[PDB]
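Listing of upload26.pdb; format and content: PDB, C-alpha atoms.
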```pdb
MODEL        1
ATOM      1  CA  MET A   1      10.487  -8.277  -9.733
ATOM      2  CA  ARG A   2       9.075  -6.560  -6.646
ATOM      3  CA  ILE A   3       6.096  -4.926  -4.923
ATOM      4  CA  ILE A   4       6.021  -1.134  -5.219
ATOM      5  CA  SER A   5       3.724   1.067  -3.133
ATOM      6  CA  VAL A   6       3.179   4.830  -3.493
ATOM      7  CA  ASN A   7       0.006   6.801  -2.759
ATOM      8  CA  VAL A   8      -0.317  10.085  -4.666
ATOM      9  CA  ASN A   9      -3.100  12.502  -5.630
ATOM     10  CA  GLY A  10      -2.459  12.296  -9.327
ATOM     11  CA  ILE A  11      -0.528   9.340 -10.704
ATOM     12  CA  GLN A  12       0.132  11.820 -13.411
ATOM     13  CA  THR A  13       2.120  13.586 -10.868
ATOM     14  CA  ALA A  14       3.754  10.299  -9.948
ATOM     15  CA  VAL A  15       5.163   9.917 -13.414
ATOM     16  CA  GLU A  16       6.311  13.529 -13.172
ATOM     17  CA  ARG A  17       8.024  12.400 -10.010
ATOM     18  CA  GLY A  18       9.796   9.560 -11.803
ATOM     19  CA  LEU A  19       7.596   6.757 -10.453
ATOM     20  CA  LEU A  20       7.157   5.537 -14.027
ATOM     21  CA  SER A  21      10.918   5.518 -14.220
ATOM     22  CA  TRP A  22      10.733   3.031 -11.351
ATOM     23  CA  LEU A  23       8.228   0.646 -12.983
ATOM     24  CA  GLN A  24      10.527   0.380 -15.933
ATOM     25  CA  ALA A  25      13.532   0.290 -13.655
ATOM     26  CA  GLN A  26      12.633  -3.147 -12.345
ATOM     27  CA  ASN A  27       9.412  -4.065 -14.101
ATOM     28  CA  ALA A  28       7.956  -4.364 -10.581
ATOM     29  CA  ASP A  29       5.547  -7.236  -9.980
ATOM     30  CA  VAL A  30       2.577  -5.293  -8.699
ATOM     31  CA  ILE A  31       2.475  -1.543  -8.165
ATOM     32  CA  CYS A  32      -0.285  -0.597  -5.755
ATOM     33  CA  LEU A  33      -1.812   2.692  -4.536
ATOM     34  CA  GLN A  34      -1.096   5.941  -6.370
ATOM     35  CA  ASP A  35      -4.244   7.456  -7.867
ATOM     36  CA  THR A  36      -5.552   6.727 -11.339
ATOM     37  CA  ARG A  37      -6.571  10.381 -11.781
ATOM     38  CA  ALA A  38      -7.170   9.533 -15.441
ATOM     39  CA  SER A  39     -10.209   7.627 -16.634
ATOM     40  CA  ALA A  40     -10.606   3.886 -16.441
ATOM     41  CA  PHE A  41      -9.852   3.429 -20.137
ATOM     42  CA  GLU A  42      -7.548   6.354 -20.967
ATOM     43  CA  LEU A  43      -4.817   5.200 -18.669
ATOM     44  CA  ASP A  44      -3.794   2.013 -20.469
ATOM     45  CA  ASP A  45      -3.174   4.369 -23.366
ATOM     46  CA  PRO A  46       0.275   3.778 -24.989
ATOM     47  CA  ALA A  47       1.269   6.996 -23.251
ATOM     48  CA  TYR A  48       1.522   5.139 -19.955
ATOM     49  CA  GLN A  49       3.445   2.366 -21.720
ATOM     50  CA  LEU A  50       6.764   1.396 -20.113
ATOM     51  CA  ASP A  51       9.283  -1.378 -20.629
ATOM     52  CA  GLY A  52       6.579  -4.014 -20.799
ATOM     53  CA  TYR A  53       3.708  -4.241 -18.310
ATOM     54  CA  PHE A  54      -0.079  -4.641 -18.092
ATOM     55  CA  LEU A  55      -2.486  -2.246 -16.366
ATOM     56  CA  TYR A  56      -5.467  -3.223 -14.223
ATOM     57  CA  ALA A  57      -7.335  -0.778 -12.011
ATOM     58  CA  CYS A  58     -10.538   1.115 -11.354
ATOM     59  CA  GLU A  59     -11.718   4.642 -10.645
ATOM     60  CA  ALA A  60     -14.537   6.036  -8.512
ATOM     61  CA  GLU A  61     -14.874   9.782  -7.969
ATOM     62  CA  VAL A  62     -11.731  10.530  -9.893
ATOM     63  CA  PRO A  63     -12.757  14.191 -10.531
ATOM     64  CA  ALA A  64     -12.599  14.119  -6.737
ATOM     65  CA  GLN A  65      -9.648  11.978  -5.497
ATOM     66  CA  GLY A  66     -10.285   8.333  -6.390
ATOM     67  CA  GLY A  67      -8.316   5.714  -8.268
ATOM     68  CA  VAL A  68      -6.987   2.331  -7.261
ATOM     69  CA  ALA A  69      -3.871   1.614  -9.297
ATOM     70  CA  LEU A  70      -2.574  -1.911  -9.906
ATOM     71  CA  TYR A  71      -0.013  -2.611 -12.659
ATOM     72  CA  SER A  72       0.599  -6.315 -13.360
ATOM     73  CA  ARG A  73       2.819  -8.294 -15.744
ATOM     74  CA  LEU A  74       0.196 -10.982 -16.171
ATOM     75  CA  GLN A  75      -3.541 -10.596 -16.708
ATOM     76  CA  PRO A  76      -5.433 -10.926 -13.367
ATOM     77  CA  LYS A  77      -9.044 -12.105 -13.557
ATOM     78  CA  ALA A  78     -10.488 -10.957 -10.248
ATOM     79  CA  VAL A  79     -10.750  -7.161 -10.431
ATOM     80  CA  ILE A  80     -12.803  -5.764  -7.533
ATOM     81  CA  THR A  81     -13.212  -2.066  -6.882
ATOM     82  CA  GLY A  82     -14.988  -2.579  -3.592
ATOM     83  CA  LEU A  83     -18.182  -4.507  -2.859
ATOM     84  CA  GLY A  84     -20.992  -1.943  -2.895
ATOM     85  CA  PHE A  85     -22.087  -1.691  -6.528
ATOM     86  CA  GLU A  86     -22.379   2.091  -6.807
ATOM     87  CA  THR A  87     -20.188   2.554  -3.740
ATOM     88  CA  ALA A  88     -17.385   0.729  -5.566
ATOM     89  CA  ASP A  89     -17.805   3.279  -8.334
ATOM     90  CA  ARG A  90     -17.294   5.839  -5.568
ATOM     91  CA  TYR A  91     -14.729   4.182  -3.304
ATOM     92  CA  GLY A  92     -11.786   3.551  -5.612
ATOM     93  CA  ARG A  93     -10.090   2.544  -2.394
ATOM     94  CA  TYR A  94     -10.683  -1.208  -2.421
ATOM     95  CA  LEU A  95      -9.366  -3.521  -5.132
ATOM     96  CA  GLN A  96      -8.015  -7.014  -5.096
ATOM     97  CA  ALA A  97      -6.335  -8.951  -7.899
ATOM     98  CA  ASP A  98      -6.861 -12.719  -7.892
ATOM     99  CA  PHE A  99      -7.911 -15.826  -9.795
ATOM    100  CA  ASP A 100      -7.253 -19.133  -8.043
ATOM    101  CA  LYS A 101      -4.058 -18.655  -6.037
ATOM    102  CA  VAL A 102      -2.460 -15.733  -4.193
ATOM    103  CA  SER A 103      -5.161 -13.167  -3.456
ATOM    104  CA  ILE A 104      -3.816  -9.622  -3.090
ATOM    105  CA  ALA A 105      -5.750  -6.660  -1.695
ATOM    106  CA  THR A 106      -4.762  -3.098  -2.582
ATOM    107  CA  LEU A 107      -6.366  -0.527  -0.291
ATOM    108  CA  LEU A 108      -5.448   3.162  -0.549
ATOM    109  CA  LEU A 109      -6.968   5.519   2.033
ATOM    110  CA  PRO A 110      -4.877   8.521   3.259
ATOM    111  CA  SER A 111      -5.703   9.544   6.833
ATOM    112  CA  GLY A 112      -3.392  12.521   7.309
ATOM    113  CA  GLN A 113      -5.127  14.346   4.468
ATOM    114  CA  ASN A 114      -8.520  13.180   5.759
ATOM    115  CA  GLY A 115      -8.748  12.526   9.503
ATOM    116  CA  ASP A 116     -11.912  11.738  11.505
ATOM    117  CA  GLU A 117     -13.595  11.113   8.150
ATOM    118  CA  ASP A 118     -11.372   8.059   7.709
ATOM    119  CA  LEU A 119     -11.967   6.857  11.280
ATOM    120  CA  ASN A 120     -15.620   6.628  10.350
ATOM    121  CA  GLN A 121     -15.464   5.080   6.898
ATOM    122  CA  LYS A 122     -12.589   2.950   8.081
ATOM    123  CA  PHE A 123     -14.550   1.907  11.161
ATOM    124  CA  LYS A 124     -17.303   0.155   9.227
ATOM    125  CA  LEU A 125     -14.558  -1.205   7.026
ATOM    126  CA  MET A 126     -12.795  -2.221  10.245
ATOM    127  CA  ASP A 127     -15.556  -4.608  11.271
ATOM    128  CA  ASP A 128     -15.484  -6.205   7.836
ATOM    129  CA  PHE A 129     -11.674  -6.070   7.775
ATOM    130  CA  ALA A 130     -11.344  -8.024  10.976
ATOM    131  CA  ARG A 131     -13.890 -10.404   9.535
ATOM    132  CA  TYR A 132     -11.768 -10.564   6.402
ATOM    133  CA  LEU A 133      -8.581 -11.327   8.283
ATOM    134  CA  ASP A 134     -10.703 -14.084   9.699
ATOM    135  CA  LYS A 135     -12.120 -14.770   6.238
ATOM    136  CA  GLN A 136      -8.496 -15.000   5.127
ATOM    137  CA  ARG A 137      -7.634 -17.682   7.661
ATOM    138  CA  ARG A 138     -10.381 -19.901   6.276
ATOM    139  CA  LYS A 139      -8.618 -19.808   2.910
ATOM    140  CA  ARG A 140      -5.710 -22.251   2.692
ATOM    141  CA  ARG A 141      -4.091 -20.174  -0.048
ATOM    142  CA  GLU A 142      -1.701 -17.232   0.243
ATOM    143  CA  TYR A 143      -2.532 -13.512   0.237
ATOM    144  CA  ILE A 144      -0.977 -10.032   0.316
ATOM    145  CA  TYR A 145      -2.399  -7.020   2.136
ATOM    146  CA  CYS A 146      -0.771  -3.910   0.691
ATOM    147  CA  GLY A 147      -2.661  -0.791   1.733
ATOM    148  CA  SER A 148      -2.219   2.739   3.028
ATOM    149  CA  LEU A 149      -3.736   3.069   6.495
ATOM    150  CA  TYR A 150      -2.755   4.555   9.838
ATOM    151  CA  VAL A 151      -0.900   1.465  11.022
ATOM    152  CA  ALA A 152       2.282   2.144  12.942
ATOM    153  CA  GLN A 153       4.150  -0.366  15.073
ATOM    154  CA  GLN A 154       5.022   2.675  17.170
ATOM    155  CA  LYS A 155       8.142   0.813  18.273
ATOM    156  CA  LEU A 156      10.153   1.731  15.160
ATOM    157  CA  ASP A 157       8.757   5.194  14.377
ATOM    158  CA  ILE A 158       8.845   6.512  17.923
ATOM    159  CA  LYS A 159      10.432   9.526  16.253
ATOM    160  CA  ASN A 160       7.295  10.713  14.449
ATOM    161  CA  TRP A 161       5.625  10.834  17.855
ATOM    162  CA  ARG A 162       3.625  13.731  16.377
ATOM    163  CA  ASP A 163       1.485  11.791  13.868
ATOM    164  CA  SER A 164       3.339   8.510  14.351
ATOM    165  CA  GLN A 165      -0.177   7.178  14.886
ATOM    166  CA  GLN A 166      -2.361   9.468  12.759
ATOM    167  CA  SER A 167      -2.542  12.887  14.411
ATOM    168  CA  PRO A 168      -0.400  15.142  16.663
ATOM    169  CA  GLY A 169      -1.760  12.916  19.422
ATOM    170  CA  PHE A 170      -2.188   9.139  19.457
ATOM    171  CA  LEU A 171      -4.914   6.554  18.867
ATOM    172  CA  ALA A 172      -5.918   3.991  21.447
ATOM    173  CA  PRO A 173      -7.275   1.452  18.882
ATOM    174  CA  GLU A 174      -3.926   1.620  17.076
ATOM    175  CA  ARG A 175      -1.993  -0.370  19.664
ATOM    176  CA  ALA A 176      -4.579  -3.146  19.394
ATOM    177  CA  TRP A 177      -4.750  -2.702  15.609
ATOM    178  CA  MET A 178      -1.150  -3.555  14.831
ATOM    179  CA  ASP A 179      -0.884  -5.916  17.790
ATOM    180  CA  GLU A 180      -4.042  -7.831  16.953
ATOM    181  CA  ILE A 181      -2.712  -8.232  13.406
ATOM    182  CA  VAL A 182       1.010  -9.014  13.795
ATOM    183  CA  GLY A 183       0.708 -10.176  17.325
ATOM    184  CA  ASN A 184      -1.287 -12.669  15.379
ATOM    185  CA  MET A 185       2.137 -13.950  14.411
ATOM    186  CA  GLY A 186       0.428 -14.282  11.063
ATOM    187  CA  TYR A 187       1.017 -10.827   9.603
ATOM    188  CA  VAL A 188       4.661 -10.031   8.930
ATOM    189  CA  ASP A 189       6.063  -6.526   8.644
ATOM    190  CA  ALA A 190       8.308  -7.028   5.620
ATOM    191  CA  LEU A 191       8.661  -3.268   5.885
ATOM    192  CA  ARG A 192      10.323  -3.006   9.304
ATOM    193  CA  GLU A 193      11.073  -6.726   9.710
ATOM    194  CA  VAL A 194      13.838  -7.065   7.141
ATOM    195  CA  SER A 195      14.883  -3.403   7.277
ATOM    196  CA  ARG A 196      15.470  -1.395  10.457
ATOM    197  CA  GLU A 197      14.791   2.346  10.482
ATOM    198  CA  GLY A 198      14.927   2.771  14.257
ATOM    199  CA  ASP A 199      18.418   4.260  13.979
ATOM    200  CA  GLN A 200      18.419   6.608  10.992
ATOM    201  CA  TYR A 201      19.105  10.252  10.160
ATOM    202  CA  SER A 202      16.511  12.847   9.188
ATOM    203  CA  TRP A 203      16.871  15.353   6.367
ATOM    204  CA  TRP A 204      15.292  18.792   6.676
ATOM    205  CA  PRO A 205      11.533  17.877   6.646
ATOM    206  CA  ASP A 206       8.806  19.882   4.908
ATOM    207  CA  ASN A 207       5.172  19.015   4.173
ATOM    208  CA  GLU A 208       3.528  15.624   4.688
ATOM    209  CA  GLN A 209       6.738  14.415   3.063
ATOM    210  CA  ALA A 210       8.296  14.765   6.504
ATOM    211  CA  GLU A 211       6.747  11.443   7.465
ATOM    212  CA  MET A 212       7.909   9.388   4.498
ATOM    213  CA  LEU A 213      11.272  11.145   4.973
ATOM    214  CA  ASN A 214      12.602   8.124   6.907
ATOM    215  CA  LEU A 215      11.314   9.875  10.027
ATOM    216  CA  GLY A 216       7.673   8.789  10.034
ATOM    217  CA  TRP A 217       5.010   6.856   8.134
ATOM    218  CA  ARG A 218       2.792   8.327   5.428
ATOM    219  CA  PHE A 219       0.578   5.230   5.391
ATOM    220  CA  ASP A 220       2.199   2.362   3.507
ATOM    221  CA  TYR A 221       2.032  -1.195   4.869
ATOM    222  CA  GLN A 222       3.381  -4.219   2.992
ATOM    223  CA  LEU A 223       1.903  -7.367   4.505
ATOM    224  CA  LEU A 224       2.566 -10.945   3.410
ATOM    225  CA  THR A 225       0.947 -14.250   4.308
ATOM    226  CA  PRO A 226       2.813 -16.909   6.438
ATOM    227  CA  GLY A 227       3.588 -18.464   3.031
ATOM    228  CA  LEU A 228       6.468 -16.118   2.291
ATOM    229  CA  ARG A 229       7.079 -14.667   5.763
ATOM    230  CA  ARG A 230      10.578 -16.160   5.719
ATOM    231  CA  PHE A 231      11.071 -15.285   2.057
ATOM    232  CA  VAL A 232      11.839 -11.561   2.027
ATOM    233  CA  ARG A 233      14.905 -10.767  -0.104
ATOM    234  CA  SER A 234      14.966  -7.061   0.821
ATOM    235  CA  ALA A 235      12.932  -3.907   1.431
ATOM    236  CA  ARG A 236      13.869  -0.501   0.050
ATOM    237  CA  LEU A 237      12.022   2.313   1.797
ATOM    238  CA  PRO A 238      11.967   5.991   0.651
ATOM    239  CA  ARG A 239      14.262   8.406   2.480
ATOM    240  CA  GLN A 240      13.944  11.391   0.143
ATOM    241  CA  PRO A 241      10.894  13.378  -1.126
ATOM    242  CA  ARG A 242       9.277  12.025  -4.284
ATOM    243  CA  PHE A 243      10.654  14.699  -6.575
ATOM    244  CA  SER A 244      13.242  13.308  -9.034
ATOM    245  CA  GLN A 245      14.826   9.829  -8.960
ATOM    246  CA  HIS A 246      13.614   8.886  -5.479
ATOM    247  CA  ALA A 247      12.675   5.271  -4.787
ATOM    248  CA  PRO A 248       9.083   4.229  -3.761
ATOM    249  CA  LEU A 249       8.321   1.584  -1.133
ATOM    250  CA  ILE A 250       9.648  -1.498  -2.946
ATOM    251  CA  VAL A 251      10.066  -5.075  -1.722
ATOM    252  CA  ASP A 252      12.490  -7.601  -3.210
ATOM    253  CA  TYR A 253      11.434 -11.265  -3.196
ATOM    254  CA  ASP A 254       8.423 -12.960  -4.741
ATOM    255  CA  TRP A 255       7.281 -11.323  -7.972
ATOM    256  CA  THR A 256       4.857 -11.840 -10.872
ATOM    257  CA  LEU A 257       1.356 -13.128 -10.149
ATOM    258  CA  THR A 258       0.420 -16.486 -11.635
ATOM    259  CA  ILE A 259      -3.173 -17.403 -12.456
TER     260      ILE A 259
ENDMDL
END
```

Represent the structure of the file as structure tokens.
Amino acid sequence: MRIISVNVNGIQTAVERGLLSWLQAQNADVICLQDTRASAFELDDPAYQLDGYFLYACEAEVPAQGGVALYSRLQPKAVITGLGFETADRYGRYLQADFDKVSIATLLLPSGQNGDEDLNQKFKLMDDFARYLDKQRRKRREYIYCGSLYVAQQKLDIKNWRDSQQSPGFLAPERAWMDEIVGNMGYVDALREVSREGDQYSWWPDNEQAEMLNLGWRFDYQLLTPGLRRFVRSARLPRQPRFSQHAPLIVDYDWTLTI
């Protein structure tokens, strides 16, 4: 019924935060990010059962901080945890769900908790990523890029000037990053396109939650293909810390993946 996105360091903690209460709340279409935490075959356990949903996802260095989570109603066929053989078993930050139509890519990679380390691993990935965007144009089908990177329009989060980009300062490649993607008039910002957060309040901020606290970005971009660009029913963004009945980054519109 929607696309939910929440990156945590222990999905287990997500459920303790009510996230699970949200996947049963609307039987979301595809829930991306989070962090498997659990094994690759202990998760689907009936314990994680909800209202009625399937579970597809991989793990890398989980006893470290890996786990690409993707809950789907249907049964996807294309499950990729990165393209590096062993690396995939160690990335847990690259997984797409596809079959024949509508290829979605779920990429979780926190930068605030990492930093320079991401700018390096992301760099190499950047070259391929740009090539992918290009590899995406070649495809005549539709696709969804829902990941957690340091992408900030900078025109709507001018408030979080601090890390609005990634760190207390700012990144030069950022301006060209978001511009080269949406200035492409191909990538829509269903996040800030349908919903405006330029003029909003700000509750007493604390830890990294300060960003997500409708004051900044904690790395959560919901990108659609020019196939639905003008088909965004709504976009509910979090304004309160994920500790109770708070709502994750959800998007109302196209749901359920057909294969």

Selected residue of minimal separation from residue 91 (chain A) among A:107, A:177, A:210, A:115, counting all atoms listed in the file:
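Of all the options, A:107 lies closest to residue 91 (chain A).
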
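Put simply, CA of residue 49 (chain A) is 24.9 Å away from CA of residue 64 (chain A).
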
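Distances to residue 97 (chain A) were evaluated for A:235, A:259, A:216, A:28 using only C-alpha atoms, and the minimum falls at A:259.
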
Expansion of the PyMOL selection byres ((chain A and resi 69) around 10) into residues, as a count of residues only:
29

Which residue, A:130, A:20, A:179, A:215, has the smallest gap to residue 203 (chain A) when you use only C-alpha atoms?
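Closest residue, counting only C-alpha atoms: A:215.
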
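For the atom pair formed by CA of residue 201 (chain A) and CA of residue 214 (chain A), the distance is 7.6 Å, given to one decimal.
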
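With distances restricted to all atoms listed in the file, A:29 is the closest residue to residue 4 (chain A) from A:16, A:29, A:127, A:61.
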
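The space separating CA of residue 223 (chain A) from CA of residue 252 (chain A) comes to 13.1 Å.
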
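Distances from A:142, A:45, A:86, A:254 to residue 101 (chain A) were compared using all atoms listed in the file, and the smallest one belongs to A:142.
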
Could you give me, as an MDAnalysis selection string, the residues within 12 Å of residue 219 (chain A), counting all atoms listed in the file and dropping anything in the same chain fewer than 4 positions from it?
chainID A and resid 5:8 33:34 107:113 146:153 163:166 191 208:209 211:212 249

Now that the selection is made, can you save its residues with C-alpha atoms as a PDB file, keeping the file's coordinate frame?
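Generated output (out-v1.pdb):
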```pdb
ATOM      1  CA  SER A   5       3.724   1.067  -3.133  1.00  0.00           C
ATOM      2  CA  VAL A   6       3.179   4.830  -3.493  1.00  0.00           C
ATOM      3  CA  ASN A   7       0.006   6.801  -2.759  1.00  0.00           C
ATOM      4  CA  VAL A   8      -0.317  10.085  -4.666  1.00  0.00           C
ATOM      5  CA  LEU A  33      -1.812   2.692  -4.536  1.00  0.00           C
ATOM      6  CA  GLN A  34      -1.096   5.941  -6.370  1.00  0.00           C
ATOM      7  CA  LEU A 107      -6.366  -0.527  -0.291  1.00  0.00           C
ATOM      8  CA  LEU A 108      -5.448   3.162  -0.549  1.00  0.00           C
ATOM      9  CA  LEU A 109      -6.968   5.519   2.033  1.00  0.00           C
ATOM     10  CA  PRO A 110      -4.877   8.521   3.259  1.00  0.00           C
ATOM     11  CA  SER A 111      -5.703   9.544   6.833  1.00  0.00           C
ATOM     12  CA  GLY A 112      -3.392  12.521   7.309  1.00  0.00           C
ATOM     13  CA  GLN A 113      -5.127  14.346   4.468  1.00  0.00           C
ATOM     14  CA  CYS A 146      -0.771  -3.910   0.691  1.00  0.00           C
ATOM     15  CA  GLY A 147      -2.661  -0.791   1.733  1.00  0.00           C
ATOM     16  CA  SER A 148      -2.219   2.739   3.028  1.00  0.00           C
ATOM     17  CA  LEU A 149      -3.736   3.069   6.495  1.00  0.00           C
ATOM     18  CA  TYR A 150      -2.755   4.555   9.838  1.00  0.00           C
ATOM     19  CA  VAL A 151      -0.900   1.465  11.022  1.00  0.00           C
ATOM     20  CA  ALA A 152       2.282   2.144  12.942  1.00  0.00           C
ATOM     21  CA  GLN A 153       4.150  -0.366  15.073  1.00  0.00           C
ATOM     22  CA  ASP A 163       1.485  11.791  13.868  1.00  0.00           C
ATOM     23  CA  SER A 164       3.339   8.510  14.351  1.00  0.00           C
ATOM     24  CA  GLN A 165      -0.177   7.178  14.886  1.00  0.00           C
ATOM     25  CA  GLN A 166      -2.361   9.468  12.759  1.00  0.00           C
ATOM     26  CA  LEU A 191       8.661  -3.268   5.885  1.00  0.00           C
ATOM     27  CA  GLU A 208       3.528  15.624   4.688  1.00  0.00           C
ATOM     28  CA  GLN A 209       6.738  14.415   3.063  1.00  0.00           C
ATOM     29  CA  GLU A 211       6.747  11.443   7.465  1.00  0.00           C
ATOM     30  CA  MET A 212       7.909   9.388   4.498  1.00  0.00           C
ATOM     31  CA  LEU A 249       8.321   1.584  -1.133  1.00  0.00           C
TER      32      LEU A 249
END
```

Under the PyMOL selection byres ((chain A and resi 78) around 6), which residues of this model are included? Write them out as a PyMOL selection string.
chain A and resi 76-77+79+97-99

Which one of A:240, A:100, A:193, A:224 sits closest to residue 206 (chain A) if you count only C-alpha atoms?
A:240

So which residues touch residue 192 (chain A) within 12 Å, counting only C-alpha atoms, skipping near sequence neighbours fewer than 5 positions away, as a tab-separated table (two decimals) with C-alpha atoms, keeping the file's coordinate frame?
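Saved as out_24.tsv:
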```
chain	number	residue	atom	x	y	z
A	152	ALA	CA	2.28	2.14	12.94
A	153	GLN	CA	4.15	-0.37	15.07
A	154	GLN	CA	5.02	2.68	17.17
A	155	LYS	CA	8.14	0.81	18.27
A	156	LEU	CA	10.15	1.73	15.16
A	157	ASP	CA	8.76	5.19	14.38
A	182	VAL	CA	1.01	-9.01	13.80
A	197	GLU	CA	14.79	2.35	10.48
A	198	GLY	CA	14.93	2.77	14.26
A	199	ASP	CA	18.42	4.26	13.98
A	214	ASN	CA	12.60	8.12	6.91
A	217	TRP	CA	5.01	6.86	8.13
A	220	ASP	CA	2.20	2.36	3.51
A	221	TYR	CA	2.03	-1.20	4.87
A	222	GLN	CA	3.38	-4.22	2.99
A	223	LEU	CA	1.90	-7.37	4.50
A	232	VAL	CA	11.84	-11.56	2.03
A	234	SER	CA	14.97	-7.06	0.82
A	235	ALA	CA	12.93	-3.91	1.43
A	236	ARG	CA	13.87	-0.50	0.05
A	237	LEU	CA	12.02	2.31	1.80
A	249	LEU	CA	8.32	1.58	-1.13
A	251	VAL	CA	10.07	-5.08	-1.72
```

Would you kindly return, as a compact mmCIF listing (two decimals) with C-alpha atoms, keeping the file's coordinate frame, each protein, DNA or RNA residue with an atom no farther than 8 Å from any atom of residue 38 (chain A), considering all atoms listed in the file and excluding same-chain residues fewer than 2 positions away?
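Okay, around-v5.txt is ready:
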```
# COMPACT_ATOMS: atom_id res chain seq x y z
CA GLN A 12 0.13 11.82 -13.41
CA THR A 36 -5.55 6.73 -11.34
CA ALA A 40 -10.61 3.89 -16.44
CA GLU A 42 -7.55 6.35 -20.97
CA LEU A 43 -4.82 5.20 -18.67
CA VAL A 62 -11.73 10.53 -9.89
```

Taking (-6.1, -18.7, 0.3) in the file's own coordinates, collect the residues within 9 Å, counting all atoms listed in the file, and hand them back as a PDB file with C-alpha atoms, keeping the file's coordinate frame.
```pdb
ATOM      1  CA  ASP A 100      -7.253 -19.133  -8.043  1.00  0.00           C
ATOM      2  CA  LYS A 101      -4.058 -18.655  -6.037  1.00  0.00           C
ATOM      3  CA  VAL A 102      -2.460 -15.733  -4.193  1.00  0.00           C
ATOM      4  CA  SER A 103      -5.161 -13.167  -3.456  1.00  0.00           C
ATOM      5  CA  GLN A 136      -8.496 -15.000   5.127  1.00  0.00           C
ATOM      6  CA  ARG A 137      -7.634 -17.682   7.661  1.00  0.00           C
ATOM      7  CA  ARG A 138     -10.381 -19.901   6.276  1.00  0.00           C
ATOM      8  CA  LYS A 139      -8.618 -19.808   2.910  1.00  0.00           C
ATOM      9  CA  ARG A 140      -5.710 -22.251   2.692  1.00  0.00           C
ATOM     10  CA  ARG A 141      -4.091 -20.174  -0.048  1.00  0.00           C
ATOM     11  CA  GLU A 142      -1.701 -17.232   0.243  1.00  0.00           C
ATOM     12  CA  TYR A 143      -2.532 -13.512   0.237  1.00  0.00           C
TER      13      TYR A 143
END
```

Near residue 25 (chain A), counting all atoms listed in the file, which residues have an atom at most 12 Å away, once you skip same-chain residues fewer than 2 positions from it, shown as a JSON list (two decimals) with C-alpha atoms, in the frame of the given file?
```json
[["chain", "number", "residue", "atom", "x", "y", "z"],
["A", 1, "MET", "CA", 10.49, -8.28, -9.73],
["A", 2, "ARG", "CA", 9.07, -6.56, -6.65],
["A", 4, "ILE", "CA", 6.02, -1.13, -5.22],
["A", 18, "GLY", "CA", 9.80, 9.56, -11.80],
["A", 19, "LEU", "CA", 7.60, 6.76, -10.45],
["A", 20, "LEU", "CA", 7.16, 5.54, -14.03],
["A", 21, "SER", "CA", 10.92, 5.52, -14.22],
["A", 22, "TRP", "CA", 10.73, 3.03, -11.35],
["A", 23, "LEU", "CA", 8.23, 0.65, -12.98],
["A", 27, "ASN", "CA", 9.41, -4.07, -14.10],
["A", 28, "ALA", "CA", 7.96, -4.36, -10.58],
["A", 29, "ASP", "CA", 5.55, -7.24, -9.98],
["A", 50, "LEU", "CA", 6.76, 1.40, -20.11],
["A", 51, "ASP", "CA", 9.28, -1.38, -20.63],
["A", 52, "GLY", "CA", 6.58, -4.01, -20.80],
["A", 53, "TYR", "CA", 3.71, -4.24, -18.31],
["A", 245, "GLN", "CA", 14.83, 9.83, -8.96],
["A", 246, "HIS", "CA", 13.61, 8.89, -5.48],
["A", 247, "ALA", "CA", 12.68, 5.27, -4.79],
["A", 248, "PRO", "CA", 9.08, 4.23, -3.76],
["A", 250, "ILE", "CA", 9.65, -1.50, -2.95]]
```
